[PDB]
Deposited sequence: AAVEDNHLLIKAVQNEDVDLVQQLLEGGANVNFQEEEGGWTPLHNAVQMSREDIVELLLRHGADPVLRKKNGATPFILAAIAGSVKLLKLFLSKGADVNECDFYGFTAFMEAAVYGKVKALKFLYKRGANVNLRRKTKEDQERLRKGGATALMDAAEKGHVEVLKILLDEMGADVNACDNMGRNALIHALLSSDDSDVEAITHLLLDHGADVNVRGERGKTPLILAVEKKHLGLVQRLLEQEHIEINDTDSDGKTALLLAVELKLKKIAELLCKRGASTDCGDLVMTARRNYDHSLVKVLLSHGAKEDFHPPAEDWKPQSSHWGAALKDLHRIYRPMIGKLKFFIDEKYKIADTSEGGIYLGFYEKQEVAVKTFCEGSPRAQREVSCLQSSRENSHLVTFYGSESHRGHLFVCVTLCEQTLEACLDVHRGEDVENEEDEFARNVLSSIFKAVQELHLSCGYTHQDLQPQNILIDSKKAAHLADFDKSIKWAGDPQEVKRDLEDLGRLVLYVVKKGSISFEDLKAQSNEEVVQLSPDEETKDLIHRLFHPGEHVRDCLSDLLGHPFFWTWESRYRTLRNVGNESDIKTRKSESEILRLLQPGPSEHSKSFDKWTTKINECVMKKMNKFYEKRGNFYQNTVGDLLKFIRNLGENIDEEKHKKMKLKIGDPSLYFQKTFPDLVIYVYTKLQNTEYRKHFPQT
């Protein structure tokens, strides 16, 4: 702790405490974990020579580097202390030493505008024109290679730059590994406070105006993008500036000037003889209602895809063609023609997010809905059953959230035999909600048919998260999603014939009793009454008979009927005691099943046992045996029975669920599909 006290004592420049701690035995060379900072590094950074000397006399290593490889000597240049630079040079520092990114003391003096340090270092033999040597990894990225002059230019240090050029023989035209020279660096200054003076100085010393920065940006183009008439004027006074250069977007200085509505700059470019054959110049000026610029351009000789979506697409084709100003990566138009729906904070609109067609949900940037929607979407990219989040753009207090463009909602789809659609839609939604809860850590709170979106596939996707809640642990929030999911099950099974709102209006038990079949009834009940194992609820329910095809249900009935213990009614057999009813279970459809079957097929099946008289009896096992046996020889009866899967399910609607419930947690699970 005394070690951490030492560093704090130094940081607060408390000489007495530092003395006290050192004389008490504190580790004078202690390095803090992430950074490798020592008391000495801190003392130099505070520019406190007295504290520095105190530390050295207590045994501080004078050249011990921190994690980025910086020495106390180099830090002394950053602080601008000639006294400290002198001291460390007498303690073994080398004037041209560098950190692990290649920064020397001289460069740092230039970076920080430290004139006296800079002069002192020069006179102690600092190499003025060293280009930074950095790590191999950085070098592949074209990092490294910068010089003190570039540093002075980029940081806007006019006096340092003058001294470098006139007194220290700095190479004005050196380039970094990105190909940038001092002039480019100056025009990349975030501190526009001295850019003009800097630019004048560099140009007068023979700086090359025809050099490129990152995105193909020339000095002239950067000056135009700074909207700086003075910079542009000075650059155009160069005798051999290449006025028609284009950036990485193929844009000239003139085109950019017109696009940025810089009339005076544009006119100057034209008068200097910039080509007007470089884009839609006149149309752009016209679009910006600049009649004066339109005339200037003309008097200087200026001239004059397939959508994925079916439902949208006619509109998307129009949106793809029309002019629209970009908002970051998003091209769209808040207009009735491109509106998908009305919304509390605007609407849903067609858009292109990275040339990709998307739906755009608008928000007031600060709003509770905005942060709920965006927080969930940012955290749920790995969830495949959610609508996929492309990205978001903020503009002027507005937030535009971009998301997979879908054809229609589940509700609209339903407004347009085995119901396979219900099965795989609910399956996708179950998986969506599950991943949301367990992986994403959110609940939805607004599970309803309008928020289920249908692909052109037609695959379903969960959407609308502006009422979602981050999960802290309150089981009531999960329960709400589950009981909306239960109502969603019934909504889909009923094919939208019952609105979702009056399903919400009625109780759980009323929703359950509204179920048209035992599978949906049992599934919904389980959603409404999950165990203590709420976490595994949706996982388990994906294996519920509701999701079994009619062929699969029929197959498992036959599979269980094929158990030899069933085929030969073994008394105390495990499967038979498992399948037995009990007080007080039943008004079951199959309590006297042999009487429910056709007379002809039943007597024909019983014929197989007439020698010993082991006829079928009204036990659940014999019924399963009956189903297994009938299934086998059926490959006359086929007409009298019809679809065998459909037949047994129709006359015994509670059988499948009964078998599942009975064998759900035993080794006989193996018979399930």
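- Numbered from the first deposited residue, the unresolved ranges run 1-3, 308-315, 428-435, 655-659, 698-699.
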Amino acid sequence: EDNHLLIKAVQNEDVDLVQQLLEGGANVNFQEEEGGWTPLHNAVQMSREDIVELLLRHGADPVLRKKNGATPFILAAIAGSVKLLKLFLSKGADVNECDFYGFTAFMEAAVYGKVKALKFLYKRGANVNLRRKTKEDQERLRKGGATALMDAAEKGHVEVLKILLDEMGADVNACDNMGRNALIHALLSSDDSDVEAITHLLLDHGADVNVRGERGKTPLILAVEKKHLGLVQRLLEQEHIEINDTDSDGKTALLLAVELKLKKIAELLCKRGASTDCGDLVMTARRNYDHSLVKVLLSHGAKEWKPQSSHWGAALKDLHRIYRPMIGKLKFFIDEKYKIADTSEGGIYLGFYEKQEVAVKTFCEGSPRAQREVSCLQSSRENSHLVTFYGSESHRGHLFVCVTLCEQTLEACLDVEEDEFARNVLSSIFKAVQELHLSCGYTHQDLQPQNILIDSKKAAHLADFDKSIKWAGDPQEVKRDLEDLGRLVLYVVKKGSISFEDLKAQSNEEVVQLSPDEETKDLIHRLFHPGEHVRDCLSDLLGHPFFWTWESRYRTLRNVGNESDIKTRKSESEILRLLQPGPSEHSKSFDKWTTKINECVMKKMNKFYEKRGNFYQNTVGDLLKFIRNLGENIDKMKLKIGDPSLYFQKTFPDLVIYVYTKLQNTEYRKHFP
From here on, numbers count along this sequence of modelled residues.
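- Between 378-386 and 104-112, the higher mean Cα B-factor belongs to 378-386.
- The mean C-alpha temperature factor is higher for 559-567 when 262-270 and 559-567 are set side by side.
- Of the candidates 631, 36, 39, 62, it is 631 whose Cα B-factor is highest according to the PDB record.
- By the numbers in the PDB entry, the CA B factor is greatest at 503 among 232, 503, 254, 126.
- Per the PDB record, residue ranking by Cα B-factor puts residue 151 in the lowest third of the chain.
- For residue 29, the recorded CA temperature factor ranks within the middle third of the chain's modelled residues.
- Annotation for residue 481: C-alpha temperature factor in the lowest third relative to the rest of the modelled chain, per the entry.
- Residue 209: CA B factor lies in the middle third for its chain, per the PDB record.
- Placement of the Cα temperature factor of residue 278 within the chain: highest third of the modelled residues, per the deposited record.
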